[PDB]
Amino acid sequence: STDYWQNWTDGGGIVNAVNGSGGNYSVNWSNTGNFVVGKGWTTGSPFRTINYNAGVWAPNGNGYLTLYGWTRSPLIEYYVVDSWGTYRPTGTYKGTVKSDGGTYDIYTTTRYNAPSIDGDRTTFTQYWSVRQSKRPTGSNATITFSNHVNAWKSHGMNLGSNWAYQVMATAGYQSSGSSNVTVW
């Protein structure tokens, strides 16, 4: 299954991330800045079907249970958000996509002077699919990423040709909580 472990924090607050056995990981976090922790693949694919089971999902603040990855050419950070805490992420509304039993809202946002895979202070577009209501957790779940890639394409949101990592993540900003996720 997975071959990659992602564990990044801007150093704000506490992010206690555990690289577990196989595709399993856990995070306990408190009063954070920006962070992203997850398991997945060093090289993303628009054709990948990601499976996971979030045995524990207990955010608050801005904390997302999300497919997370990058492309370059152009530099794009993308999300397929299945669940969240207190605040649901949104941006510029494009449309919707139905996939894996859920309806997701498609949004774009822009990050300025921000950390990325390309450096400490960079500018990049973010693509989002955000589930309309929180996905149930604790059972096996699939994200059929091709559905999202295709839907994004239809709204002129094209991904880059150079694929970086792709993980099923716990990601947050000004957030506290616990997660435990297995990815395959």
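The first residue of the sequence shown is number 1, and the count goes up from there.
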The stretch whose C-alpha atoms carry the larger average B-factor in the entry, 4-12 or 175-183, is 4-12
Of 76-84 and 99-107, the stretch with the higher mean C-alpha B-factor in the deposited entry is 99-107
Per the deposited B-factor column, the C-alpha that peaks among 31, 139, 144, 60 belongs to 60
The largest CA temperature factor among 54, 159, 36, 67 is found at 159
Assert third(CA B-factor, residue 133) within chain per record equals middle
Chain thirds by Cα B factor, record data; residue 165 belongs to the middle
Split the chain's modelled residues into thirds by Cα B-factor; residue 42 lands in the middle
